[PDB]
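# Secondary and tertiary structure notes
Listed below, chain by chain, are the residues.
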Amino acid sequence: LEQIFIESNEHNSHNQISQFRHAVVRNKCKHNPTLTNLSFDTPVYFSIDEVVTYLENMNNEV
Amino acid sequence: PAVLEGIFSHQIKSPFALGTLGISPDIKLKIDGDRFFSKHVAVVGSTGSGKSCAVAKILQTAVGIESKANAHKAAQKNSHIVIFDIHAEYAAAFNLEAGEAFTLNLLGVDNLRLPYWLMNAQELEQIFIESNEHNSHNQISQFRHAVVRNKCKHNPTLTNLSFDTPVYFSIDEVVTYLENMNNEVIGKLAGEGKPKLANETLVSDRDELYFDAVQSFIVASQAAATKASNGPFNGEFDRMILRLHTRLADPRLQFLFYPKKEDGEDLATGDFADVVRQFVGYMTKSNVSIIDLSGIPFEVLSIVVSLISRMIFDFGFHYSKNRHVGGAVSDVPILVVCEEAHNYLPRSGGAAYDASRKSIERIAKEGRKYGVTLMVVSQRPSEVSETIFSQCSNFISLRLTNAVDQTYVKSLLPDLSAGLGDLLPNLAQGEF
Amino acid sequence: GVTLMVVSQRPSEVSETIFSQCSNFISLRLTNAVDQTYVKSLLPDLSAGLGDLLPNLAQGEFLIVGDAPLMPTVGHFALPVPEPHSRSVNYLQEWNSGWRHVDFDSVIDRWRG
Amino acid sequence: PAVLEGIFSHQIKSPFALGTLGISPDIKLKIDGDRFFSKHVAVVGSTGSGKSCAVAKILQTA
Amino acid sequence: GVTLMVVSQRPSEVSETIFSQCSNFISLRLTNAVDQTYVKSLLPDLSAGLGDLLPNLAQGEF
Ligand SMILES: Nc1ncnc2c1ncn2[C@@H]1O[C@H](COP(=O)(O)OP(=O)(O)OP(O)(O)=S)[C@@H](O)[C@H]1O
Ligand SMILES: Nc1ncnc2c1ncn2[C@@H]1O[C@H](COP(=O)(O)OP(=O)(O)OP(O)(O)=S)[C@@H](O)[C@H]1O
Ligand SMILES: [Mg+2]
Ligand SMILES: [Mg+2]
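Residues numbered from 1 in each chain as written, not as in the entry; some residues may be left out. Chains lettered and ligands numbered in written order. Part of a larger assembly, values for the part shown. Heavy atoms only, no water.

### Re the interface of chain C and chain D
At the interface, 37 residues of chain C touch 32 residues of chain D. The junction of chain C with chain D conceals about 3,200 Å² of combined surface from both sides, 64% of it contributed by carbon and sulfur atoms. Counting the contacts that link chain C with chain D gives zero salt bridges. Counting every contact that joins chain C to chain D gives 11 residue pairs in polar contact. For the side of chain C that touches chain D, the elements supplying multiple residues, two or more each, are β1 (5–8), β2 (24–27), β3 (62–65) and β4 (73–76) of chain C. (Contact = heavy atoms within 4.5 Å. Buried area = accessible area lost by both parts, 1.4 Å probe. Salt bridge = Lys/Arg side-chain N within 4 Å of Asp/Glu carboxyl O. Polar contact = N/O pair within 3.5 Å; in protein donor to acceptor, adjacent residues only side chain to side chain. Helix = DSSP H or I, 4+ residues; strand = E, 2+ residues; numbered from the N terminus.)

### Let's talk about the site of ligand 1
All names here are of chain B. Around ligand 1, a shell composed of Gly50, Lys51, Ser52, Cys53, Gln379, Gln429 and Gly430 is seen. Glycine 50 places a main-chain nitrogen or oxygen 3.4 Å from an oxygen atom of ligand 1. In this structure, an oxygen atom belonging to ligand 1 sits 3.0 Å away from a main-chain N or O atom of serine 52. In isolation ligand 1 exposes 660 Å². Once the protein is present, 49% of that is buried. Residue classes in the shell around ligand 1 are distributed as one nonpolar, five polar and one charged. (Near = heavy atom within 4 Å. Areas by Shrake-Rupley, 256 points an atom, 1.4 Å probe, with all protein chains shown as cover. Nonpolar A, V, L, I, M, F, W, Y, C, P; charged D, E, K, R; others polar.)

### Things to note about the coordination of the magnesium ion (ligand 3)
Residue and element names in this part refer to chain B. Taken together, the protein ligands of the magnesium ion (ligand 3) are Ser52 (OG) and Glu339 (OE), with distances of 2.2 to 2.5 Å. Here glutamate 339 lies in the loop between β9 (334–338) and α11 (351–366) and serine 52 lies in helix α3 (residues 51–63), a separation of 287 residues in the sequence. Overall, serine 52 belongs to the partly exposed group, its relative accessible area being 25%. (Donors = N, O, S within 2.8 Å, 3.2 Å for Na, K, Ca; no water. Buried < 20%, exposed > 50% of the residue type's maximum accessible area, 1.4 Å probe, protein only.)

### Observations regarding the sheet that holds β4(C)
Taken in spatial order, the seven strands make up an open sheet running β1(C)-β3(D)-β2(C)-β3(C)-β4(C)-β1(D)-β2(D), and their pairing is mixed. With one partner strand each, in any of the chains shown, β1 of chain C together with β2 (24–32) of chain D form the two edges of the open sheet. Each strand of the sheet is rotated relative to its neighbour by a mean of 30°, with strand direction disregarded. Across three bridges, β3(C) lies against β4(C) in antiparallel orientation. Bridge assignment links C:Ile64 to a residue of β4(C), and that residue is C:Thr73. Running over the sheet, helix α2 (residues 51–61) of chain D touches β1 of chain C together with β1 (15–21) and β3 (41–44) of chain D and is turned about 140° from β1(D). (Pairing = 2+ DSSP bridges. Axes fitted to C-alpha atoms, helices over the stretch in contact; angles between N-to-C directions.)

### Focus: the packing of aromatic side chains
All told, the structure shown has 27 aromatic pairs over all chains when counted by the stated rule. Ring centres of B:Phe272 and C:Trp111 lie 5.1 Å apart, and the angle between their planes is 85°; this geometry places the pair in the edge-to-face category. Linking B:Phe272 in helix α9 (residues 272–279) with C:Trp111 in helix α4 (residues 104–112), this pair reaches from one chain into another. Each member of the pair, B:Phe272 as well as C:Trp111, carries the same accessibility label: buried. (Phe/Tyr/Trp six-rings, centres within 6.5 Å; stacked < 30°, edge-to-face > 60°.)

### Thoughts on the interface of chain B and chain C
Interface size, as often reported, equals the accessible area lost upon joining of the parts. Contacts between the two partners involve 51 residues from chain B, matched on the other side by 32 residues from chain C. Linking chain B with chain C are three salt bridges. B:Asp331 is the partner of C:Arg100 in a salt bridge, and the nearest nitrogen-oxygen pair spans 2.6 Å. Applying the counting criterion to the chain B and chain C interface returns 10 residue pairs in polar contact. Listing elements by their share of the side of chain B that touches chain C, those giving two or more residues are α2 (33–36), α9, α10 (298–324), β9, β10 (372–378), α12 (388–391) and α13 (406–412) of chain B. A per-element tally of the side of chain B that touches chain C places α10(B) first, with seven residues. By residue class, the composition of the side of chain B that touches chain C is 19 nonpolar, 20 polar and 12 charged.

### Let's talk about the site of ligand 2
Neighbouring ligand 2 are B:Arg368, B:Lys369, C:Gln9, C:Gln59, C:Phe77, C:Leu79, C:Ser86, D:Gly50, D:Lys51, D:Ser52 and D:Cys53. Between an oxygen atom of ligand 2 and a side-chain N or O atom of B:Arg368, the distance comes to 3.5 Å. Taking C:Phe77, its main chain carries an N or O atom lying 2.7 Å from a nitrogen atom of ligand 2. Out of a free accessible area of 660 Å², ligand 2 has 74% covered by protein chains. Residues that form the shell around ligand 2 fall into these classes: three nonpolar, five polar and three charged.

Everything listed is a geometric property; what it means functionally is a separate question.
Shown next, in the form of structure tokens:
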């Protein structure tokens, strides 16, 4: 996932990867609440569109 | 036969029975044990040649377990091994019936007690701070100051404490400390050259109040009546806290950031001893300890191995030296078996691995003097580091196919003995 | 009037400047082939087979190359009385005694530094 | 042995004794200690070959 | 009106462009093997019968 979707040779790669992780981890819960101990790598369902929406809202917020 | 037996029996002292010779099956073979385990040993073998079974036979003969009958039941002897197993393979080669009275230590992710206050500098600088690999000269230094001045609070009896020193230090306190420094506003007034809280009560020693709870700082302004000027480091750290709170809340690594005791409590600066005993089998009086590294992720294994190696080395060094003070040689030797080395010791690899290669590399250069030895088992030498397999002084070669890998073995053998280096690609199953 | 003598576990792990200007070499046991290449190269041709012995030289033997000697040769060194503390732990002998007790207090405190 | 040791040493001026010659443990090996100890010397060896001990012997004899 | 005279104890290390234009060669005892091959290549009129003498040359022969 870190590969298919992201670049790594920029000035500010770390500070976006380290938030995409959190975005996926969170998006995994809402649509899979019953379970617990969810982690980035665990296979459950989630939507990338919501991820884009979240990372878009995080940019403009004052 | 009798003569060829006695030849090996009486010429060589301290023997180590290994197996049968291929020329004649009945005869038994033996080798100098004080040399074998004193200088680093190496096994290299292709798939299906059964490296692991051979290693297990060696270790069994070393600890005495023969014919499923522990010979040393009444009294225990000395033997200390530490196996790094990726896939739980060896966890059953030593599982005897209760009658044999064998105590084995079997550790795993769920029961491993390895805290963070026992990591040296570079390790922390890798695990907590992740930015512009070396472009963070402010944050790094302030982090170090926070840890250094916090350690003295929770272990006040000790003197001259430094960063790299292994004693307790809480991370949540440090996070909140920096989160406080963020919103600082100095109450710039006559004789008021220090911070000001909501209740106008100034502060004299930051290390006394920020560490415990968040504070609500007062406003800033240039008005001559309530002149309060902003803090030095404000704004600088608005993001480090939010980057950390993430990591520190990862569950996969909960075994390193939030350790617990059997009675559900946090370890203190005096429990250090115990944390070591297990890695050396002194807790349960188990000659053998077997680590499992499957469940661990890829991103933290490289450090989880380095740390264990470092602990073993430090123990051995200090004990061997305190014994040398008298003159005698060390008496608590250790053998570290490294399985599936090609995963965490590449020849050409990025820094994502380096933290390991150093630790082990030390043992390969200057470990003998202090009482630690290695045993590497790998499927393909040219992938294993060069320093490690440059110093080893005993090679057990099982079947090998390609020719580029043959060179390493076909070299060590001299000229007149040469002729055997051609038997490699026909070796049956189990031979060496 | 200042001179140097450096000892390393392997040659490649030293600057290429120093060794280049080092006249005489004292070569003890070496196993890897890379390290063996350097030492084999330096020797002459009239007597070059001597390099075939490197992989299995005993605990003390040394091969000498350079100008000081009349011609390259092998030799033994008798142990030095007294010796510098470098002794090798005897593993299988210490692995046939009873379990020993270690006062951790000591080791830990000394670790404390 | 006598004539051999003579041919070996007498020519050089200032000798330095090193040890026994493997081809003959009886003889004693000598070397020009001026070209030595003056031009830079080096030692390389694996673990357990006897580097530090030999260095100590050379120093002690010097 | 400018000529050179090179004197080196290990020609293999010295550049190849120089020795090429050099015409007349004076050779004394040589021991190493690599240098022998190069000197045997550059030397123009070396009949195989002569070359073998290079490493057995006495003290002073040229
Ligand atoms: N002395 C022996 N007697 C009978 N069978 C043997 C003997 N030695 C080896 N084998 C057989 O060889 C096989 C052992 O293969 P393994 O030990 O699993 O290979 P390996 O060394 O684990 O290879 P990897 O993948 O690097 S761990 C078993 O099926 C044994 O039956
Ligand atoms: N002439 C000798 N005869 C028999 N044993 C010897 C002789 N010389 C040395 N040894 C043994 O060699 C061992 C010491 O080797 P060292 O010289 O300490 O190795 P080293 O060069 O120090 O390697 P390190 O660890 O990188 S400093 C001692 O235990 C001696 O018993
Ligand atoms: Mg295996
Ligand atoms: Mg030494």
